[PDB]
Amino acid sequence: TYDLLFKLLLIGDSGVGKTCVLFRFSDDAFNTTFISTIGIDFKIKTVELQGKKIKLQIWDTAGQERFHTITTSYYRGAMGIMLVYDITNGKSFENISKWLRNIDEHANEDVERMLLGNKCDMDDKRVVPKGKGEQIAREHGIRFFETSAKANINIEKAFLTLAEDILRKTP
């Protein structure tokens, strides 16, 4: 039914859009009502890359601080991690440094890391210039995309790119 199982993980502050980003990828749908994630969840999406059927198990974490210890239990199994901030929320981007340290402490040493600046449809409420995301990604050697779950901008591209980078080192 599939060739390979990849484990992905989404982390970042509460409200930045981790759950909507996943829902747009898994369902091609967007919902405006904020339902905060409680503890941990995951969804399954199977994709085809280079003739292989890749089952993605995508773990979605609670960004609320209360759930931090629950969420850190799930870093170590991840093969790729999306760090998500909100381009309209300056604090969400300042905390990316902290989320990177969490990956340093709890994830596997060779996990793939990808930075997502979400809500890129809110140009007129932007606080984080795209160049700051590009710069911190350059400083860590990681990929970076500005995304929008609402407008469906770079959602498929982000997830499929991360999956290709995992697949590229699979044998």
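Throughout, we count residues from 1 along the sequence that is shown.
Notably, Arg113 is never a gap: all other compared entries of this protein, restricted to those modelling both its neighbours, have coordinates for it, so the one-third criterion is not met.
Per the records, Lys132 is modelled in every other compared entry, just as the shown structure includes it, so no third of them leave it out. Look at the mean CA B-factor for 144-152 and for 11-19 in the entry; the higher one is 144-152. For the segment pair 30-38 and 110-118, the entry gives 30-38 the higher mean B-factor, averaged over Cα atoms. The PDB entry assigns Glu139 a C-alpha temperature factor belonging to the middle third of its chain's modelled residues. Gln64: CA B factor in the middle third of modelled residues in this chain (values from the PDB entry). Among the modelled residues of the chain, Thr88 sits in the middle third by CA temperature factor in this PDB entry.
Sort the chain's modelled residues by C-alpha temperature factor and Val127 lands in the highest third, per the entry. The deposited CA B-factor of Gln50 belongs to the highest third of values across its chain.
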